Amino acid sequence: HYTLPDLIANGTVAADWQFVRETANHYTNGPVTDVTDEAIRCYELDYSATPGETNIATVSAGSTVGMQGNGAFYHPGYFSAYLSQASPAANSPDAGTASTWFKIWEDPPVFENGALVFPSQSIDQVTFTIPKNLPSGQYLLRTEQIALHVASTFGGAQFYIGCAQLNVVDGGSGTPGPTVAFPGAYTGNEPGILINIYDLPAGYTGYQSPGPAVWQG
């Protein structure tokens, strides 16, 4: 149970919801649990108001950004970050409503010694790279942890989500893809989401990250 309110950019941490759309769990810190629900995208407190209540952070392609939670990410889970071009601007509720989301980063559990080994449950932040070859322009950045401690039943996986509003400058000329939509990218049946992390099936090959392949340039 945690929010992701602080964008990390230029080597510094922004204020709560300065660049991140305030999410509906701002008090409860509870997760999104329905991947068919519009909340799976940016978890906004109010779809029509919250984007306009959010500033837009200017960052350069190739620079390191990230997200800090309001506490340590103590559930075991899978982390990801998606970008979408944001038209007319990152502070619009129209931004990212289409299938323009592409994955740029993930931090999955790894299957070693017959058990899943998860990223640290004592960190309260994640960082990753805006692709150097990313075209300059405005983007939504969606960062999530899919917490898997009770994910053995359908809808048991827990999504903790924050969307930052970006102005990317000094970019490249790449063509990002594959693109997906939120909602749309997840069904809830993925072997990385509908998963018993404690009793893995006998022929378990390894953790399969959900969603599309990463684009890094």
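So that there is no doubt, residue numbering starts at 1 and follows the sequence shown.
Across the two stretches, 152-160 and 176-184, the PDB entry reports the greater mean Cα temperature factor for 176-184. Look at the mean CA B-factor for 57-65 and for 44-52 in the entry; the higher one is 57-65. Taking the deposited Cα B-factors for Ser99, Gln121, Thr143, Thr127, the highest one is held by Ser99. Comparing the C-alpha B-factors of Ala147, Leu83, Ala90, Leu116 in the entry, the top value falls on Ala90. When the CA B factors of the chain's modelled residues are split into thirds, the value for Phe19 lands in the lowest one. For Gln208, the recorded CA B-factor ranks within the middle third of the chain. Only modelled residues enter the ranking. The PDB entry assigns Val110 a C-alpha temperature factor belonging to the middle third of its chain's modelled residues.
The deposited CA B-factor of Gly171 belongs to the highest third of values across its chain. Among the modelled residues of its chain, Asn29 has a C-alpha B-factor that falls in the lowest third, as given in the PDB entry.
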